[PDB]
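This block holds the first chain(s) of the complex, placed as they are in the complex; more will follow:
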Amino acid sequence: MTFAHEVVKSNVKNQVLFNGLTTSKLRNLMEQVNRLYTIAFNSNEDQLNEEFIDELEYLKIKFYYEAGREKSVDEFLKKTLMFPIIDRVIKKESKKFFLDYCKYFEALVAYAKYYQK
Amino acid sequence: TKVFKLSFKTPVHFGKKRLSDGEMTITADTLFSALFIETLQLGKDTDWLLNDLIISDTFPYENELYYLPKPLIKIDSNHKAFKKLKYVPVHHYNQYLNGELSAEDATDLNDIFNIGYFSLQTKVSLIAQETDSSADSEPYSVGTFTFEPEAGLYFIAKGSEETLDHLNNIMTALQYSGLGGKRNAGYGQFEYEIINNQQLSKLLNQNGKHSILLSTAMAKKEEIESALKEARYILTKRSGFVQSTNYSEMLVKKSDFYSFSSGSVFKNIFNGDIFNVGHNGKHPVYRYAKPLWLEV
């Protein structure tokens, strides 16, 4: 799944990235993921609380909405397999996999910020 | 004639001359002193554990290898690598005496010799007028050594079975006090294990014309002439202070004494003796000089 993490360098075109994706339209996603990450940090056991799961549901809802609002972000989310990994995390209900996902998202975000107009 | 193996888990400072000086191994003198004073703290009878116990110097070990110090024999060839080497594993111990050890072999062994490292700890002292009024703090230094998780020290002892049991008890009791230097400062606790290495046991159980002094010893007055007939040896000045003897510690200090080092080779074996280095004290103070020979 790390090929989707170094694909960001594979998506450096001419001179726009991800068809003009900017961190100004992705800041909301970072804040929402970080908010749930702190809740997962407070959680001690592996088995996630149901309210936390619904939080994941709201997260994916936000993902879909953001993809709807902006096209470059939509390309990012689809081309990086965001929705399948989100559903998988929801399926696994494990904290540790969730932290793995957050790290993946962080790598995506940071690498994206490295390349910007 | 069992041997004891030591683990620390907390660095210990040995030291030769100054608190910032650090060492890996200690000599039989310190060990005898510490075991003796631990007996006195237990308050048992010392005569039994005075003139019957035979102890070696301490020797470093690694995960599964035991070593001995280098015998000062005359080998006729490179004379560079051999100088830099101090300790030899039992595997090739007799091989080196024969001459089987190669220069590259010595290079290899020395390369494996990573059995700990040295460090300097800084400490500050505000018992002075720094806290009381207008003055400065007093930094000083100590030198400490951190053995690898499976590294430590061991000694080779012999005596009667009752002597060995008493030593067992005293060693247990000491396990929780310290050794080395700044014991009370947080250095030098140990848990020990008694292990019988078949190979080392054989090593102690050889017979030959030479003999390797494994301890810090010095013959009596009336044996030295016949002892020094054909030998290769180093003298090692032993000085130091004493604990709860007379009023002023800085006034109390055993006289500088000399003994052979731990790699000497002798032709004529001598028994040693526990020498009094005492004067102007309220009790005699004992320094240890009695050999344990490995006869080859």
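Perfect, thanks for sending it. Residues are numbered from 1 along each chain as shown, chains lettered A, B, ... in the order given.

Sketch out the helices for chain A, chain order is fine.
Counting by DSSP state H, chain A has helices at residues A:3-10, A:27-42, A:50-69, A:71-79, A:82-92, A:95-114.

err, chain B, not the other one
B:28-42, B:81-84, B:93-98, B:103-111, B:129-132, B:161-175, B:198-204, B:224-227.

any idea how far the residue positioned nearest the centre of chain A is from residue A:3?
Residue closest to the mean C-alpha point of chain A, counted by CA atoms, centre = their mean, is residue A:105 at 4.5 Å. From residue A:105 across to residue A:3, the span is 16 Å (CB to CB, to the nearest Å). C-beta: built from backbone N, CA, C; applies to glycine.

circling back to that earlier point, let me see the contact set for the residue nearest to the residue nearest to the centre of chain A when sequence neighbours are not counted.
Excluding the flanking residues, the one nearest residue A:105 by CB to CB, 6 or more residues apart in numbering or on different chains is residue A:33, at 5.5 Å. Shown in contact with residue A:33 (CB atoms under 8 Å, 6 or more residues apart in numbering or on different chains): A:59, A:102, A:105.

Same question for residue B:186.
Residues near residue B:186 by CB under 8 Å, 6+ apart: residue B:10.

redo that, cut-off 10 Å
Residue B:186 is in contact with B:10, B:11, B:12, B:121, B:144, B:178, counting by CB atoms under 10 Å, 6 or more residues apart in numbering or on different chains.

hang on, the earlier thing: need the helices of chain B in CSV (columns: mean neighbour count and distance to residue A:12).
Compiled in CSV, the helices of chain B are given as follows (neighbours: other CB atoms under 10 Å in any protein chain shown; distance: least, CB to CB, whole Å):
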stretch, mean neighbour count, distance to residue A:12
helix B:28-42, 19, 68
helix B:81-84, 12, 56
helix B:93-98, 16, 64
helix B:103-111, 14, 48
helix B:129-132, 10, 61
helix B:161-175, 15, 65
helix B:198-204, 14, 65
helix B:224-227, 13, 84
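
For those helices, give me a markdown table that also has distance to residue A:68.
Compiled in a markdown table, the helices of chain B are given as follows (distance: least, CB to CB, whole Å):
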| stretch | distance to residue A:68 |
| --- | --- |
| helix B:28-42 | 79 |
| helix B:81-84 | 74 |
| helix B:93-98 | 79 |
| helix B:103-111 | 65 |
| helix B:129-132 | 68 |
| helix B:161-175 | 71 |
| helix B:198-204 | 77 |
| helix B:224-227 | 99 |
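
Out of the ones you listed, which gets nearest to residue A:114?
Smallest distance to residue A:114 across the helices of chain B (CB to CB): 43.8 Å, for helix B:103-111.

tell me which strands and helices the closest one is in contact with?
In terms of contacts (3 or more CB pairs under 10 Å, 6 or more residues apart in numbering or on different chains; DSSP states H and E), helix B:103-111 is packed against helix B:81-84, strand B:87-89, helix B:93-98.

let's put chain C on the structure above:
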Amino acid sequence: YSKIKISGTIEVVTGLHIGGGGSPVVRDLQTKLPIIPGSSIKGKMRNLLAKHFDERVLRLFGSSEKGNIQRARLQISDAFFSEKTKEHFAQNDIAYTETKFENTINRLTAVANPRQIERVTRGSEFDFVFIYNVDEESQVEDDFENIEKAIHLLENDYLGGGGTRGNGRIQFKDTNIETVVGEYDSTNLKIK
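Just below you will find chain C, in place on the chains above:
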């Protein structure tokens, strides 16, 4: 003649900072894991308890500088991370040591001067061991009371640097006392 062993854990409520290298912190030059050199514990304990008041201090830690030989009755070793803190942090992917940014303001200038202090992480636990060699049966209770007060003071005080400035508060948990040398009972001695 008996020895009493006191082992337990100490928790860093607000980050700890010893820094023997100094702005570093004390480490092992190999393991690179934070340790708290016991002598530091001893020094803080002594300063506190002495400030509580003298013979008793001499009995506890030992000086032998006035011609009176007594020999230390307490041995305090350094401590280390338990396996518990290490495993938790590796699992949760938490760095062991924090780097705090500080700043200082000149007056009549109002300029900024950046500072950096390495603090041990909040919540880590240290396993500590004390050894008390009871040289007098008829005093040990007294001594432990004193050691108790010492521990108690430390509970509301700090170790190391900047303790006025907001670091070094510790806590003591899971203290168990066992007799390990001699045949002296230890079922009634209590330290929190």
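
With chain C now part of the structure, what is the answer for the contacts of residue A:33?
A:59, A:62, A:63, A:98, A:101, A:102, A:105, A:106, A:109.

so what's the nearest residue to residue B:139 once chain neighbours are set aside up against?
In space, and not counting its chain neighbours, residue B:139 is closest to residue B:124: 5.2 Å by CB to CB, 6+ apart. Neighbour list for residue B:124: B:130, B:137, B:138, B:139, B:140, C:20, C:40, C:43 [criterion: CB under 10 Å, 6+ apart].

interface residues of the stretch 1-150 of chain B facing chain C?
B:9-11, B:37, B:41-44, B:116-127, B:131, B:142, B:144, B:146, B:148-149 (CB under 10 Å from any CB of the partner chain).

now with 7 Å?
Within reach of chain C by CB under 7 Å from any CB of the partner chain, the stretch 1-150 of chain B has these residues: B:10, B:41, B:42, B:43, B:117, B:119, B:121, B:122, B:123, B:146.

For chain B, what's the nearest residue on chain A?
Residue nearest to chain B within chain A: residue A:96 (28.9 Å; CB to the nearest CB).

Look up which helix or strand residue C:6 falls in, please.
Counting by DSSP states H and E, the element that carries residue C:6 is strand C:2-12.

Buried ones among the residues of the stretch 1-150 of chain B next to chain C?
Buried members of the residues of the stretch 1-150 of chain B next to chain C, scored by 16 or more other CB atoms under 10 Å in any protein chain shown, are B:10, B:41, B:117, B:119, B:121, B:123, B:146.

from what I can see the fourth one touches residue B:144, true?
Yes - the pair residue B:119 and residue B:144 qualifies as a contact (CB atoms under 7 Å) at a distance of 5.5 Å.

so how far is stretch C:52-63 from its chain's centroid?
Centroid separation for stretch C:52-63 versus its chain: 18 Å, with CA atoms, centre = their mean, to the nearest Å.

Can I get it in CSV, CA atoms only?
Taking C-alpha atoms only, stretch C:52-63 is exported to CSV below (Å, rounded to 0.1, in the frame of the first residue of the first chain):
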residue,chain,number,x,y,z
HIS,C,52,13.6,19.6,57.7
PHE,C,53,15.7,20.4,60.7
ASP,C,54,21.1,16.6,62.4
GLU,C,55,22.4,13.4,63.9
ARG,C,56,19.6,11.7,61.9
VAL,C,57,21.0,12.8,58.6
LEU,C,58,24.4,11.6,59.5
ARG,C,59,22.9,8.2,60.5
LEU,C,60,21.0,8.0,57.2
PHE,C,61,23.5,8.9,54.6
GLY,C,62,26.9,9.2,56.4
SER,C,63,29.5,12.0,56.2
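
hmm, who's touching that stretch?
Outside stretch C:52-63, the residues that touch it by CB atoms under 7 Å, 6 or more residues apart in numbering or on different chains are C:42, C:46, C:49, C:50, C:70, C:71, C:72, C:73, C:74, C:143, C:146, C:149.

include chain D too:
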Amino acid sequence: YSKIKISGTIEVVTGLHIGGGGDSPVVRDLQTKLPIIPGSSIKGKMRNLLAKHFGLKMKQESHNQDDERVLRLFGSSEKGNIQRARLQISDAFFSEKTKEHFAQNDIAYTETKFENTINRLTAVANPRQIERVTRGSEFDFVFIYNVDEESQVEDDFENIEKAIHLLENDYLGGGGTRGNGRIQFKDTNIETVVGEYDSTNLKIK
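Below is chain D, added to the chains above:
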């Protein structure tokens, strides 16, 4: 010898920006990933304002030497007339009650306030984003005051009470003049933790 404990909570009226980590975040505890108020911040602001309260010379300002009373409270021990510090300011931790409250009502702990700036002769905007601890969140603080001289206790408490009031009207952290970080204290309390010294007549508003 006595040690006196002071407890209470810090209520953020308007957003707080301690922000020592440097976009431009706030200081966070690394075990919980939550905001903290490092005791250096509180203690230093208290010293600064309480010093400014009394007369300070230009030479005193440059050498950081302050008034005898504030200094005795906070300690300099720099040259000559040494004074061991007297009140240890501990850190602040994001209290449990507010953490539960925000979880229950699904409230972020920290906002990213967007701000702008109009440079002159260009009128051109250059934006910025700044993190602020959400208002109404509560920190727990602990102060430990030591009695190095029994005679002076109420006077030292009155001094730190004035510093507490000064902090409430002013601000901590950054953006203080721009609106960030006015705070208030709530549920203060005093209890003698060590010694035999009563603390009932003591009060801090």
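
Go back to what packs on helix B:103-111, now with chain D?
For helix B:103-111, the packing partners by 3 or more CB pairs under 7 Å, 6 or more residues apart in numbering or on different chains; DSSP states H and E come out as helix B:81-84.

And chain D, is the strand holding residue C:6 touching that?
No - Strand C:2-12 stays clear of chain D (CB under 7 Å from any CB), getting no nearer than 9.6 Å.

strands paired with that strand, and their directions?
If you go by DSSP bridges, strand C:2-12 pairs up with strand C:125-134 (antiparallel), strand C:170-181 (antiparallel).

I'd like the ones you listed as JSON lines, with mean neighbour count appended.
Formatted as JSON lines, the strands paired with strand C:2-12 follow (neighbours: other CB atoms under 10 Å in any protein chain shown):
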{"stretch": "strand C:125-134", "mean neighbour count": "21"}
{"stretch": "strand C:170-181", "mean neighbour count": "15"}
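
Same list, the ones you listed, but as JSON lines with distance to residue B:110 please.
JSON lines is the format used below for those (distance: least, CB to CB, whole Å):
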{"stretch": "strand C:125-134", "distance to residue B:110": "36"}
{"stretch": "strand C:170-181", "distance to residue B:110": "40"}
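
Can you say which of the ones you listed is nearest to residue B:256?
Among the strands paired with strand C:2-12, strand C:125-134 sits nearest to residue B:256 (CB to CB), with 31.4 Å.

Show me which positions of the following helix or strand past that closest one end up buried.
On the C-terminal side of strand C:125-134, the nearest following helix or strand under DSSP H and E is helix C:140-155. For helix C:140-155, burial by neighbour count (16+ other CB under 10 Å) applies to C:140, C:143, C:144, C:146, C:147, C:149, C:150, C:151, C:152, C:153, C:154, C:155.

quick one: contacts for the fifth one?
This means residue C:147. Neighbouring residues of residue C:147 by CB under 7 Å, 6+ apart: residue C:191.

Please tell me how far the residue of chain B found nearest chain D sits from residue D:80.
Nearest residue of chain B to chain D: residue B:134, at 5.1 Å (CB to the nearest CB). Residue B:134 is 5 Å from residue D:80, where distance means CB to CB.

picking up where we left off before, which residues sit against the helix or strand just after the strand holding residue C:6?
Note on strand C:2-12: by DSSP H and E, the next helix or strand toward the C-terminus is strand C:35-36. Applying CB under 7 Å, 6+ apart, the external contacts of strand C:35-36 come out as C:16, C:18, C:26, C:27, C:28, C:78, C:79, C:80, C:126.

for the fifth one, phi and psi?
Residue C:28 has phi and psi values of phi -90, psi 130 when expressed as degrees, to the nearest 10.

Now for it, how many residues are close by?
14 (other CB atoms under 10 Å in any protein chain shown).

residues in the stretch 1-150 of chain B within reach of chain D, list them.
Within the stretch 1-150 of chain B, the residues that sit near chain D (CB under 7 Å from any CB) are B:131, B:133, B:134.
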